[PDB]
Amino acid sequence: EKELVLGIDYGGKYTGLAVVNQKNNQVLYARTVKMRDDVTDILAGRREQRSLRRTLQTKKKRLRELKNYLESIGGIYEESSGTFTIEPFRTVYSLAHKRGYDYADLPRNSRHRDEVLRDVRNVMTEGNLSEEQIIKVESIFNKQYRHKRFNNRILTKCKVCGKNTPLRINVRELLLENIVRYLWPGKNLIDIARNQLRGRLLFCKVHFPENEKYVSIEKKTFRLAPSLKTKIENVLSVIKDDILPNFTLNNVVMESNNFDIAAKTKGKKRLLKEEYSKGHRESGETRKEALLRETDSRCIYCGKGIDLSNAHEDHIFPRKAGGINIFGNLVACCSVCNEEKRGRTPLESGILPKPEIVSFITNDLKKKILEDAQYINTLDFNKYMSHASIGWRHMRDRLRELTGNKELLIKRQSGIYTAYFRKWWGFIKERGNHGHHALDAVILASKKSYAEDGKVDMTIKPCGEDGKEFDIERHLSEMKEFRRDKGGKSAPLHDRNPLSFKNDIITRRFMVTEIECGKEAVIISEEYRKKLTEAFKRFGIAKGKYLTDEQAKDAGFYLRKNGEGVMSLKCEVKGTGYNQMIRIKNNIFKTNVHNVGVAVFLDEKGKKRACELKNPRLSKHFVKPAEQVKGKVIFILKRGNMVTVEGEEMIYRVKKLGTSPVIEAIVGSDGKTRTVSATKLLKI
RNA sequence: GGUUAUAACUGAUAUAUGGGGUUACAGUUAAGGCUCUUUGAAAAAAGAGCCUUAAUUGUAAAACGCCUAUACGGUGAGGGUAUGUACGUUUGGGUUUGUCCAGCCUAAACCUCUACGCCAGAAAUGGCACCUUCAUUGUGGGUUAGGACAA
DNA sequence: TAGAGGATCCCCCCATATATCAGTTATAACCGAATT
DNA sequence: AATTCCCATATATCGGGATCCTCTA
Ligand SMILES: [Zn+2]
Ligand SMILES: [Zn+2]
């Protein structure tokens with residue numbers, strides 16, 4: 001064990017860690033891990049909820065300020081009605097809720113701020129009011145309560161010292177002198193002058209000019225995405241428990257992910273070198289400008305005129321299920337086509353692109369996605385290619401900190417090299433079971449010596465327990481699972497969609513197109529439910545599909561806005577109990593953190609009894625009363641607690657609380673869960 | 001090979017909004033039911049009341065809590081505004097708990113680093129905004145749907 | 001008539017600006033250490 | 001003092017409950 005080498009295979013969702021010794025190429029430890037993949041969705045979803053909450057708070061402040069001013073100038077406000085009785089004041093208050101957008105100048109639910117202001121001004125003028133009041137009202141509409149601060153944010157530290165890195169927009173003079181030091185390299189200097197310069201220097205103002213010949217340190221990485229950061233931490237967690245206390249580390253290698261994102265994103269393998277400089281976007285333009293040029297500044301879906309003030313970059317492939325922000329996934333949507341699509345497949349949406357602009361597109365990738373949105377699934381580009389490539393740094397530094405040896409050697413191995421040895425030593429790369437990642441890790445750590453006559457040497461084969469080569473299904477341990485725990489204080493208290501609880505039944509309103517096929521029995525209406533079933537049978541729609549906009553209109557499901565929009569139906573919500581219902585203010589939500597543990601106590605008679613402990617943060621918000629603890633509690637059960645049955649010696653892990661906890665064996669059981677009452681269960 | 005620079009390419013974190021949708025309440029309309037009164041031999045019809053299901057209008061709520069009233073806004077009158085001020089520096093605080101952190105927000109004291117936006121002239125910079133003082137009049141403000149460890 | 005086993009049920013969407021970093025591809029500049 | 005830069009198409013692809021119907025002592 002003189003030389004120990006650890007091989008790490010970094011992947012988008014699975015990472016394989018293996019450590020072997022180069023003395024005889026013997027496998028000492030090999031295990032693949034599974035990283036959390038819901039962090040990106042959770043972080044994105046949290047931001048939307050936070051933005052919506054802050055947006056509503058600003059609306060309340062704007063409405064309160066407008067109401068106070070309206071009352072001052074002669075308005076009468078009634079608390080019961082909540083709005084002014086006078087028509088000029090009532091209209092202004094009503095228009096304040098939807099003030100429109102003002103991020104672009106003027107060249108429909110959301111039309112513009114100017115149109116709303118013009119509508120506001122017209123109703124104020126008709127009310128015989130002074131221009132001073134109109135100006136003040138307009139100022140309230142355009143008033144900003146929370147100022148935007150995007151300048152001076154996320155300051156970069158210098159490579160040598162800790163001083164703040166100056167912004168590149170005040171460095172344009174310095175960057176010009178960096179090229180004139182030496183000596184087609186003629187258009188390079190033009191770029192710094194006449195375009196945006198986003199990105200810090202990674203250096204301060206005293207080392208960048210003259211001390212640029214400081215090539216002694218690695219590229220420091222200070223900022224990492226939380227989803228990518230927790231993926232590395234989960235991998236490092238496995239290393240600390242097993243690799244750290246068992247064996248020492250002398251060398252570490254990693255699989256370099258040269259996915260060629262600039263090449264696989266266009267539906268090709270590797271385009272020309274000269275075509276890498278010029279991307280899909282037009283020269284001297286943005287994504288919106290480039291999208292309009294390919295559509296001739298019109299709309300693909302409806303053909304109406306599109307300007308920069310209303311152009312939307314739609315995702316032909318919805319982001320609700322999949323969705324990738326590529327140039328070939330966004331074409332055009334002006335005001336209503338985006339609203340009608342609302343994040344669903346165009347084939348399922350039914351708003352087919354007009355066959356007059358598709359033939360005018362010069363991009364071959366756009367042809368396939370528009371004809372069939374499902375083609376992106378068969379594309380050779382995935383979001384995990386960037387996930388695997390991004391994050392190779394900030395891992396060696398953390399590895400060096402954990403295991404010491406700040407002078408650790410870092411090497412990168414390409415996937416082509418490990419493929420040669422895998423197919424030559426007698427290994428098969430199966431796209432099925434995930435145990436094949438530990439083997440990539442072993443080939444990553446294995447000594448590479450061809451010798452012989454140009455063929456891979458057979459005496460350097462990795463060894464199993466004693467000499468039995470390396471078997472994925474025989475010489476591997478259990479692959480670790482990293483999941484999300486909802487028992488913490490950071491988990492959501494309830495669902496984001498309020499529910500209606502009238503006459504002791506949980507119901508909610510759902511769109512006709514949003515109703516899944518085969519689940520129409522929940523509709524309370526005895527006439528629209530039959531109509532929905534008839535439409536499904538007539539059009540020949542299987543289970544799991546929806547109704548398109550054209551099909552819904554032709555089936556009489558469009559009597560919402562003068563025959564120009566789909567309606568909504570009130571249907572009962574399945575898979576919900578009374579204990580999950582919590583009422584906050586006038587809203588009612590369904591919760592999932594209502595159970596925090598199982599408490600077992602002694603009854604008055606003497607027999608043991610089990611109850612469910614409720615969340616302290618939601619105890620007073622429960623619609624129905626719960627059951628408390630009467631006798632003395634002997635023990636309290638919790639999630640992730642190793643328990644055993646009264647008539648068995650196996651170890652089980654509790655997954656669900658309640659009077660009948662659900663338990664599952666740590667090793668084995670083929671993933672099947674076991675349900676048993678807590679009375680006949682004991683905690684180990 | 002490393003570092004850095006210029007293009008481009010995806011990946012994912014904050015920020016500030018524009019909508020759709022959901023729920024509560026209060027009106028209106030349509031259709032379908034249940035009762036009462038009444039026209040009526042009867043058939044039947046009308047009026048009134050209630051319910052259900054759709055369409056429509058307005059208003060309101062959207063995590064619990066914790067912290068802050070020594071706080072947080074409106075109006076009017078002064079001053080300060082690259083010599084300045086914080087999105088910056090230094091030491092802290094709130095969220096914040098069994099413990100620690102992220103992300104936001106913020107106090108006192110300071111310009112070494114970092115950043116400093118809009119609307120208007122014919123060189124003279126004016127308004128807005130920001131900061132601050134005072135008076136008057138209100139009850140507001142921040143954070144919270146993420147990650148670890150421990151019980 | 002009570003509790004497990006076994007079906008199937010349940011979760012919010014679109015977009016517009018404003019900033020930033022972290023990876024890849026290409027070209028160019030050097031720096032540097034190994035290799036020849 | 002001139003040259004190499006590890007050998008040498010591949011790598012990446014809910015959880016925590018709930019009801020309903022069916023068995024079992
Ligand atoms: Zn420096
Ligand atoms: Zn359109």
# chains A, B, ... in the order shown; residues from 1 in each chain; ligands from 1
call {"tool": "closest_atom_pairs", "arguments": {"of": "chain D", "to": "chain A", "cutoff": "7 Å", "atoms": "only C-alpha atoms (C1' of nucleotides)", "output": "Markdown table"}}
result
| residue | atom | partner | partner_atom | distance |
| --- | --- | --- | --- | --- |
| D:8 | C1' | A:417 | CA | 6.4 |
| D:10 | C1' | A:415 | CA | 3.9 |
| D:11 | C1' | A:415 | CA | 4.5 |
| D:12 | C1' | A:385 | CA | 4.5 |
| D:13 | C1' | A:384 | CA | 6.5 |
| D:16 | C1' | A:656 | CA | 6.3 |
| D:17 | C1' | A:592 | CA | 6.4 |
| D:18 | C1' | A:575 | CA | 4.4 |
| D:19 | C1' | A:575 | CA | 6.2 |
call {"tool": "residues_near_ligand", "arguments": {"ligand": "ligand 2", "cutoff": "9 Å", "atoms": "only C-alpha atoms (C1' of nucleotides) and all ligand atoms", "output": "list in words"}}
result
residues 298, 299, 300, 301, 302, 303, 304, 305, 306, 332, 333, 334, 335, 336, 337 and 338 of chain A
call {"tool": "residues_around", "arguments": {"residues": "residue B:67", "least_positions_apart": "2", "cutoff": "12 Å", "atoms": "only C-alpha atoms (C1' of nucleotides)", "output": "list in words"}}
result
residues 65, 71, 93, 94, 95, 96, 105, 106, 141, 142, 143 and 144 of chain B
call {"tool": "write_last_selection", "arguments": {"atoms": "N, CA and C atoms (P, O5', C5', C4', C3', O3' and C1' of nucleotides)", "output": "PDB file, in the first residue's frame"}}
result
ATOM      1  P     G B  65     -49.137  32.693  13.555  1.00  0.00           P
ATOM      2  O5'   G B  65     -48.099  32.083  14.596  1.00  0.00           O
ATOM      3  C5'   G B  65     -47.247  32.925  15.359  1.00  0.00           C
ATOM      4  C4'   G B  65     -45.802  32.519  15.215  1.00  0.00           C
ATOM      5  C3'   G B  65     -44.779  33.528  15.711  1.00  0.00           C
ATOM      6  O3'   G B  65     -44.572  33.451  17.111  1.00  0.00           O
ATOM      7  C1'   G B  65     -44.164  32.777  13.557  1.00  0.00           C
ATOM      8  P     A B  71     -36.170  54.826  16.002  1.00  0.00           P
ATOM      9  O5'   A B  71     -36.986  53.549  15.510  1.00  0.00           O
ATOM     10  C5'   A B  71     -36.327  52.335  15.178  1.00  0.00           C
ATOM     11  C4'   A B  71     -37.292  51.337  14.592  1.00  0.00           C
ATOM     12  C3'   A B  71     -37.851  51.684  13.221  1.00  0.00           C
ATOM     13  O3'   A B  71     -36.985  51.305  12.165  1.00  0.00           O
ATOM     14  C1'   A B  71     -39.626  51.092  14.659  1.00  0.00           C
ATOM     15  P     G B  93     -24.065  39.674  17.020  1.00  0.00           P
ATOM     16  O5'   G B  93     -25.414  40.422  16.626  1.00  0.00           O
ATOM     17  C5'   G B  93     -26.061  41.287  17.546  1.00  0.00           C
ATOM     18  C4'   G B  93     -27.248  41.977  16.923  1.00  0.00           C
ATOM     19  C3'   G B  93     -28.341  41.073  16.377  1.00  0.00           C
ATOM     20  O3'   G B  93     -29.208  40.572  17.378  1.00  0.00           O
ATOM     21  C1'   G B  93     -27.837  42.727  14.782  1.00  0.00           C
ATOM     22  P     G B  94     -29.900  39.135  17.190  1.00  0.00           P
ATOM     23  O5'   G B  94     -31.021  39.389  16.090  1.00  0.00           O
ATOM     24  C5'   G B  94     -32.096  40.281  16.340  1.00  0.00           C
ATOM     25  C4'   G B  94     -33.017  40.387  15.151  1.00  0.00           C
ATOM     26  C3'   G B  94     -33.525  39.078  14.575  1.00  0.00           C
ATOM     27  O3'   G B  94     -34.593  38.519  15.320  1.00  0.00           O
ATOM     28  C1'   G B  94     -32.810  40.481  12.820  1.00  0.00           C
ATOM     29  P     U B  95     -34.648  36.937  15.584  1.00  0.00           P
ATOM     30  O5'   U B  95     -35.011  36.323  14.161  1.00  0.00           O
ATOM     31  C5'   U B  95     -36.224  36.663  13.508  1.00  0.00           C
ATOM     32  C4'   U B  95     -36.204  36.260  12.055  1.00  0.00           C
ATOM     33  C3'   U B  95     -35.917  34.796  11.770  1.00  0.00           C
ATOM     34  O3'   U B  95     -37.057  33.973  11.929  1.00  0.00           O
ATOM     35  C1'   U B  95     -34.615  36.152  10.336  1.00  0.00           C
ATOM     36  P     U B  96     -36.902  32.491  12.525  1.00  0.00           P
ATOM     37  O5'   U B  96     -35.834  32.658  13.693  1.00  0.00           O
ATOM     38  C5'   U B  96     -35.606  31.614  14.633  1.00  0.00           C
ATOM     39  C4'   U B  96     -34.231  31.696  15.249  1.00  0.00           C
ATOM     40  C3'   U B  96     -33.793  33.087  15.707  1.00  0.00           C
ATOM     41  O3'   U B  96     -32.994  32.970  16.885  1.00  0.00           O
ATOM     42  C1'   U B  96     -32.251  32.254  14.128  1.00  0.00           C
ATOM     43  P     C B 105     -31.768  42.847   0.193  1.00  0.00           P
ATOM     44  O5'   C B 105     -32.145  43.389   1.642  1.00  0.00           O
ATOM     45  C5'   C B 105     -33.504  43.543   2.021  1.00  0.00           C
ATOM     46  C4'   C B 105     -33.664  43.663   3.516  1.00  0.00           C
ATOM     47  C3'   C B 105     -32.824  44.723   4.205  1.00  0.00           C
ATOM     48  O3'   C B 105     -33.342  46.033   4.056  1.00  0.00           O
ATOM     49  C1'   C B 105     -32.728  42.719   5.444  1.00  0.00           C
ATOM     50  P     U B 106     -32.341  47.287   3.969  1.00  0.00           P
ATOM     51  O5'   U B 106     -31.808  47.462   5.460  1.00  0.00           O
ATOM     52  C5'   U B 106     -32.701  47.770   6.520  1.00  0.00           C
ATOM     53  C4'   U B 106     -32.063  47.552   7.869  1.00  0.00           C
ATOM     54  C3'   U B 106     -30.835  48.392   8.175  1.00  0.00           C
ATOM     55  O3'   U B 106     -31.162  49.704   8.599  1.00  0.00           O
ATOM     56  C1'   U B 106     -30.427  46.143   8.778  1.00  0.00           C
ATOM     57  P     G B 141     -45.938  47.840   5.625  1.00  0.00           P
ATOM     58  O5'   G B 141     -44.418  47.743   6.088  1.00  0.00           O
ATOM     59  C5'   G B 141     -43.480  48.741   5.719  1.00  0.00           C
ATOM     60  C4'   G B 141     -42.139  48.505   6.366  1.00  0.00           C
ATOM     61  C3'   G B 141     -41.513  47.142   6.130  1.00  0.00           C
ATOM     62  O3'   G B 141     -40.877  47.030   4.871  1.00  0.00           O
ATOM     63  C1'   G B 141     -41.386  47.662   8.420  1.00  0.00           C
ATOM     64  P     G B 142     -40.862  45.620   4.103  1.00  0.00           P
ATOM     65  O5'   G B 142     -39.721  44.795   4.842  1.00  0.00           O
ATOM     66  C5'   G B 142     -38.396  45.297   4.919  1.00  0.00           C
ATOM     67  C4'   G B 142     -37.532  44.453   5.818  1.00  0.00           C
ATOM     68  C3'   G B 142     -37.511  42.964   5.523  1.00  0.00           C
ATOM     69  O3'   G B 142     -36.666  42.626   4.438  1.00  0.00           O
ATOM     70  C1'   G B 142     -37.772  43.303   7.843  1.00  0.00           C
ATOM     71  P     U B 143     -37.155  41.568   3.335  1.00  0.00           P
ATOM     72  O5'   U B 143     -37.004  40.162   4.063  1.00  0.00           O
ATOM     73  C5'   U B 143     -35.739  39.716   4.526  1.00  0.00           C
ATOM     74  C4'   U B 143     -35.883  38.608   5.537  1.00  0.00           C
ATOM     75  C3'   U B 143     -36.692  37.402   5.093  1.00  0.00           C
ATOM     76  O3'   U B 143     -35.962  36.506   4.274  1.00  0.00           O
ATOM     77  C1'   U B 143     -37.397  38.064   7.241  1.00  0.00           C
ATOM     78  P     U B 144     -36.684  35.786   3.035  1.00  0.00           P
ATOM     79  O5'   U B 144     -37.504  34.599   3.707  1.00  0.00           O
ATOM     80  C5'   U B 144     -36.850  33.612   4.491  1.00  0.00           C
ATOM     81  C4'   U B 144     -37.817  32.901   5.403  1.00  0.00           C
ATOM     82  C3'   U B 144     -38.960  32.162   4.724  1.00  0.00           C
ATOM     83  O3'   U B 144     -38.579  30.880   4.253  1.00  0.00           O
ATOM     84  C1'   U B 144     -39.799  33.445   6.528  1.00  0.00           C
TER      85        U B 144
END
call {"tool": "select_by_dssp", "arguments": {"residues": "stretch 231-447 of chain A", "states": "alpha helix (DSSP H)", "output": "tab-separated table (two decimals) with C-alpha atoms, in the first residue's frame"}}
result
chain	number	residue	atom	x	y	z
A	231	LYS	CA	-23.89	17.51	-5.09
A	232	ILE	CA	-20.17	17.77	-4.32
A	233	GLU	CA	-20.78	17.89	-0.57
A	234	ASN	CA	-22.84	14.69	-0.77
A	235	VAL	CA	-19.99	13.01	-2.65
A	236	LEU	CA	-17.44	14.34	-0.15
A	237	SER	CA	-19.66	13.11	2.70
A	238	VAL	CA	-19.31	9.52	1.46
A	244	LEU	CA	-10.98	8.96	5.18
A	245	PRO	CA	-10.74	6.61	8.22
A	246	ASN	CA	-9.69	3.53	6.22
A	261	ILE	CA	-21.59	22.31	-25.08
A	262	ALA	CA	-21.11	24.81	-27.91
A	263	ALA	CA	-21.28	21.85	-30.34
A	264	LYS	CA	-23.98	19.53	-28.96
A	287	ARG	CA	-31.77	36.88	-28.01
A	288	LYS	CA	-35.03	38.78	-28.54
A	289	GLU	CA	-33.68	40.63	-31.58
A	290	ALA	CA	-32.28	37.43	-33.11
A	291	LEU	CA	-35.58	35.58	-32.56
A	292	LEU	CA	-37.56	38.35	-34.27
A	293	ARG	CA	-35.22	38.40	-37.27
A	294	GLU	CA	-35.79	34.70	-37.98
A	337	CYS	CA	-50.17	32.50	-27.70
A	338	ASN	CA	-47.92	32.41	-24.63
A	339	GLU	CA	-50.97	32.54	-22.35
A	340	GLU	CA	-52.77	29.77	-24.25
A	341	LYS	CA	-49.70	27.52	-24.24
A	346	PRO	CA	-47.86	22.40	-28.65
A	347	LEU	CA	-49.29	19.08	-29.85
A	348	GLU	CA	-51.26	18.90	-26.59
A	349	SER	CA	-51.92	22.65	-26.66
A	364	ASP	CA	-32.59	23.01	-39.36
A	365	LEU	CA	-33.03	22.41	-35.62
A	366	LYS	CA	-36.06	24.72	-35.52
A	367	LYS	CA	-37.78	22.61	-38.19
A	368	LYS	CA	-37.70	19.41	-36.14
A	369	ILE	CA	-38.78	20.90	-32.80
A	370	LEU	CA	-41.66	22.83	-34.37
A	371	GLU	CA	-42.90	19.78	-36.29
A	383	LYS	CA	-28.80	19.57	-18.99
A	384	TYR	CA	-26.54	17.08	-17.18
A	385	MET	CA	-23.71	17.66	-19.68
A	386	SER	CA	-23.25	21.16	-18.25
A	387	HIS	CA	-23.89	19.87	-14.71
A	388	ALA	CA	-21.04	17.36	-15.01
A	389	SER	CA	-18.66	19.84	-16.65
A	396	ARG	CA	-10.09	19.49	-5.35
A	397	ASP	CA	-9.81	22.37	-2.87
A	398	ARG	CA	-12.39	20.75	-0.59
A	399	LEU	CA	-10.68	17.38	-1.01
A	400	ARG	CA	-7.32	18.93	-0.11
A	401	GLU	CA	-8.82	20.60	2.96
A	402	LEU	CA	-10.41	17.37	4.22
A	403	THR	CA	-7.44	15.04	3.67
A	415	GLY	CA	-13.58	9.38	-21.47
A	416	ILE	CA	-12.04	8.01	-24.66
A	417	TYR	CA	-9.03	6.66	-22.76
A	418	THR	CA	-11.09	4.79	-20.16
A	419	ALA	CA	-13.28	3.36	-22.93
A	420	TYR	CA	-10.25	1.69	-24.54
A	421	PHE	CA	-9.19	-0.11	-21.35
A	422	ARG	CA	-12.77	-1.01	-20.38
A	423	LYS	CA	-13.44	-2.73	-23.73
A	424	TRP	CA	-10.00	-4.38	-23.77
A	425	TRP	CA	-9.96	-5.81	-20.23
A	436	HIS	CA	-21.44	0.43	-13.80
A	437	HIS	CA	-20.27	3.83	-12.43
A	438	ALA	CA	-18.09	2.25	-9.70
A	439	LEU	CA	-16.29	0.38	-12.55
A	440	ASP	CA	-15.60	3.60	-14.46
A	441	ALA	CA	-14.11	4.80	-11.13
A	442	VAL	CA	-11.90	1.65	-10.87
A	443	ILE	CA	-10.64	2.03	-14.50
A	444	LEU	CA	-9.98	5.72	-13.63
A	445	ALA	CA	-7.74	4.75	-10.67
call {"tool": "interface_residues", "arguments": {"of": "chain A", "to": "chain B", "cutoff": "7 Å", "atoms": "only C-alpha atoms (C1' of nucleotides)", "output": "compact mmCIF listing (two decimals) with C-alpha atoms, in the first residue's frame"}}
result
# COMPACT_ATOMS: atom_id res chain seq x y z
CA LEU A 43 -34.35 26.64 -5.40
CA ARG A 46 -38.58 29.05 -3.78
CA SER A 81 -67.29 47.25 0.34
CA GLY A 82 -63.55 47.95 0.23
CA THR A 83 -63.80 50.42 -2.67
CA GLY A 100 -49.35 47.17 -16.82
CA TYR A 101 -45.66 46.78 -17.59
CA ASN A 109 -54.74 40.98 -19.78
CA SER A 110 -51.31 42.68 -19.75
CA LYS A 148 -33.44 47.51 -7.53
CA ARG A 149 -29.78 47.02 -6.56
CA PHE A 150 -27.85 45.04 -9.13
CA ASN A 151 -24.72 47.14 -9.32
CA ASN A 152 -21.89 46.37 -6.91
CA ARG A 153 -23.04 42.81 -6.24
CA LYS A 163 -9.08 43.53 -2.39
CA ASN A 164 -12.27 43.94 -4.40
CA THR A 165 -11.97 43.43 -8.15
CA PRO A 166 -12.96 46.55 -10.14
CA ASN A 188 -9.52 41.51 -30.97
CA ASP A 191 -14.19 44.07 -29.02
CA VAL A 215 1.31 32.17 -13.40
CA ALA A 225 -24.48 26.92 -7.55
CA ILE A 261 -21.59 22.31 -25.08
CA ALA A 262 -21.11 24.81 -27.91
CA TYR A 276 -17.55 28.84 -32.74
CA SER A 277 -16.89 32.60 -32.60
CA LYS A 278 -20.32 33.44 -34.06
CA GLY A 279 -23.24 31.94 -32.15
CA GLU A 339 -50.97 32.54 -22.35
CA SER A 386 -23.25 21.16 -18.25
CA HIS A 387 -23.89 19.87 -14.71
CA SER A 490 -37.10 24.75 5.90
CA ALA A 491 -39.74 22.46 4.37
CA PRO A 492 -42.97 24.08 3.14
CA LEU A 493 -45.79 24.07 5.67
CA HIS A 494 -48.50 23.37 3.07
CA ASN A 497 -52.62 26.25 -4.18
CA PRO A 498 -55.51 27.08 -1.81
CA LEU A 499 -58.41 24.64 -1.64
CA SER A 500 -62.12 25.11 -0.98
CA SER A 525 -71.38 18.88 -12.35
CA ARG A 560 -65.82 31.68 -21.12
CA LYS A 585 -56.75 33.59 7.45
CA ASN A 586 -59.55 33.03 4.88
CA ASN A 587 -57.51 30.50 2.86
CA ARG A 617 -46.13 25.45 14.24
CA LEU A 618 -49.52 24.34 12.85
call {"tool": "residues_near_ligand", "arguments": {"ligand": "ligand 1", "cutoff": "9 Å", "atoms": "only C-alpha atoms (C1' of nucleotides) and all ligand atoms", "output": "VMD selection string"}}
result
chain A and resid 157 to 165 202 to 208
call {"tool": "write_last_selection", "arguments": {"atoms": "C-alpha atoms", "output": "PDB file, in the first residue's frame"}}
result
ATOM      1  CA  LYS A 157     -11.639  38.797  -4.672  1.00  0.00           C
ATOM      2  CA  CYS A 158      -8.188  39.187  -6.187  1.00  0.00           C
ATOM      3  CA  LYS A 159      -5.985  36.168  -6.841  1.00  0.00           C
ATOM      4  CA  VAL A 160      -3.126  37.483  -4.679  1.00  0.00           C
ATOM      5  CA  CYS A 161      -4.769  39.796  -2.141  1.00  0.00           C
ATOM      6  CA  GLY A 162      -8.307  40.157  -0.808  1.00  0.00           C
ATOM      7  CA  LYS A 163      -9.082  43.534  -2.386  1.00  0.00           C
ATOM      8  CA  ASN A 164     -12.267  43.942  -4.402  1.00  0.00           C
ATOM      9  CA  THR A 165     -11.972  43.435  -8.151  1.00  0.00           C
ATOM     10  CA  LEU A 202     -10.153  38.421 -11.024  1.00  0.00           C
ATOM     11  CA  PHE A 203      -7.333  40.857 -10.178  1.00  0.00           C
ATOM     12  CA  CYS A 204      -6.967  44.216  -8.534  1.00  0.00           C
ATOM     13  CA  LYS A 205      -5.726  47.467 -10.116  1.00  0.00           C
ATOM     14  CA  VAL A 206      -2.082  47.142  -9.003  1.00  0.00           C
ATOM     15  CA  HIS A 207      -1.295  43.570 -10.147  1.00  0.00           C
ATOM     16  CA  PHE A 208      -3.249  43.423 -13.417  1.00  0.00           C
TER      17      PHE A 208
END
call {"tool": "closest_atom_pairs", "arguments": {"of": "chain C", "to": "chain A", "cutoff": "6 Å", "atoms": "only C-alpha atoms (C1' of nucleotides)", "output": "tab-separated table"}}
result
residue	atom	partner	partner_atom	distance
C:9	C1'	A:575	CA	4.5
C:10	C1'	A:575	CA	4.9
C:13	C1'	A:342	CA	5.9
C:14	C1'	A:342	CA	5.2
C:19	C1'	A:150	CA	4.6
C:22	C1'	A:390	CA	5.6
C:23	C1'	A:390	CA	4.2
C:24	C1'	A:260	CA	5.3
C:26	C1'	A:273	CA	5.7
call {"tool": "write_last_selection", "arguments": {"atoms": "C-alpha atoms (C1' of nucleotides)", "output": "mmCIF file, in the first residue's frame"}}
result
data_model
loop_
_atom_site.group_PDB
_atom_site.id
_atom_site.type_symbol
_atom_site.label_atom_id
_atom_site.label_comp_id
_atom_site.auth_asym_id
_atom_site.auth_seq_id
_atom_site.Cartn_x
_atom_site.Cartn_y
_atom_site.Cartn_z
ATOM 1 C "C1'" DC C 9 -54.736 9.343 -5.776
ATOM 2 C "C1'" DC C 10 -51.981 14.156 -4.465
ATOM 3 C "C1'" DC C 13 -47.582 28.009 -14.848
ATOM 4 C "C1'" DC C 14 -45.802 31.800 -18.494
ATOM 5 C "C1'" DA C 19 -26.765 42.073 -12.432
ATOM 6 C "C1'" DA C 22 -18.458 28.253 -14.006
ATOM 7 C "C1'" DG C 23 -17.783 25.083 -17.324
ATOM 8 C "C1'" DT C 24 -16.812 23.930 -22.556
ATOM 9 C "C1'" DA C 26 -11.678 28.393 -30.820
#
call {"tool": "residues_around", "arguments": {"residues": "residue D:21", "least_positions_apart": "6", "cutoff": "12 Å", "atoms": "only C-alpha atoms (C1' of nucleotides)", "output": "PyMOL selection string"}}
result
chain C and resi 5-8
call {"tool": "write_last_selection", "arguments": {"atoms": "N, CA, C and O atoms (P, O5', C5', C4', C3', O3' and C1' of nucleotides)", "output": "compact mmCIF listing (two decimals), in the first residue's frame"}}
result
# COMPACT_ATOMS: atom_id res chain seq x y z
P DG C 5 -48.12 -5.67 5.31
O5' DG C 5 -48.96 -5.99 3.98
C5' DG C 5 -49.55 -7.27 3.82
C4' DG C 5 -50.40 -7.32 2.55
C3' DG C 5 -49.73 -6.72 1.31
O3' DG C 5 -49.95 -7.57 0.19
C1' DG C 5 -51.82 -5.69 1.68
P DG C 6 -49.06 -7.40 -1.14
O5' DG C 6 -49.90 -6.37 -2.03
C5' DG C 6 -51.16 -6.75 -2.55
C4' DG C 6 -51.83 -5.58 -3.25
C3' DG C 6 -50.87 -4.62 -3.94
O3' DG C 6 -50.73 -4.96 -5.34
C1' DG C 6 -52.71 -3.50 -2.83
P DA C 7 -51.75 -4.43 -6.46
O5' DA C 7 -51.33 -2.90 -6.70
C5' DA C 7 -51.82 -2.18 -7.82
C4' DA C 7 -53.29 -1.83 -7.65
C3' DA C 7 -53.74 -0.58 -8.41
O3' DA C 7 -55.04 -0.78 -8.94
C1' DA C 7 -54.17 -0.31 -6.11
P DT C 8 -55.46 -0.07 -10.32
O5' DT C 8 -55.72 1.45 -9.91
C5' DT C 8 -54.72 2.44 -10.15
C4' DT C 8 -55.08 3.74 -9.46
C3' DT C 8 -54.28 4.96 -9.92
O3' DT C 8 -55.15 6.05 -10.15
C1' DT C 8 -54.19 4.78 -7.58
call {"tool": "select_by_dssp", "arguments": {"residues": "stretch 285-401 of chain A", "states": "strand (DSSP E or B)", "output": "NGL selection string"}}
result
:A and (298 or 305 or 312 or 333)
call {"tool": "write_last_selection", "arguments": {"atoms": "N, CA, C and O atoms", "output": "short mmCIF file (atom, residue, chain, number, x, y, z; two decimals), in the first residue's frame"}}
result
data_model
loop_
_atom_site.label_atom_id
_atom_site.label_comp_id
_atom_site.auth_asym_id
_atom_site.auth_seq_id
_atom_site.Cartn_x
_atom_site.Cartn_y
_atom_site.Cartn_z
N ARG A 298 -42.56 39.01 -36.67
CA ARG A 298 -43.97 38.65 -36.57
C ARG A 298 -44.14 37.51 -35.58
O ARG A 298 -43.20 37.15 -34.87
N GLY A 305 -48.32 41.19 -35.86
CA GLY A 305 -47.10 41.96 -35.71
C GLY A 305 -46.52 41.90 -34.31
O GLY A 305 -47.25 42.05 -33.33
N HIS A 312 -42.01 37.64 -26.73
CA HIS A 312 -41.73 36.65 -25.66
C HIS A 312 -40.90 35.51 -26.26
O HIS A 312 -41.15 35.22 -27.43
N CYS A 333 -43.96 34.46 -29.36
CA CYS A 333 -45.27 34.53 -28.73
C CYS A 333 -45.50 35.97 -28.29
O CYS A 333 -44.65 36.55 -27.60
#
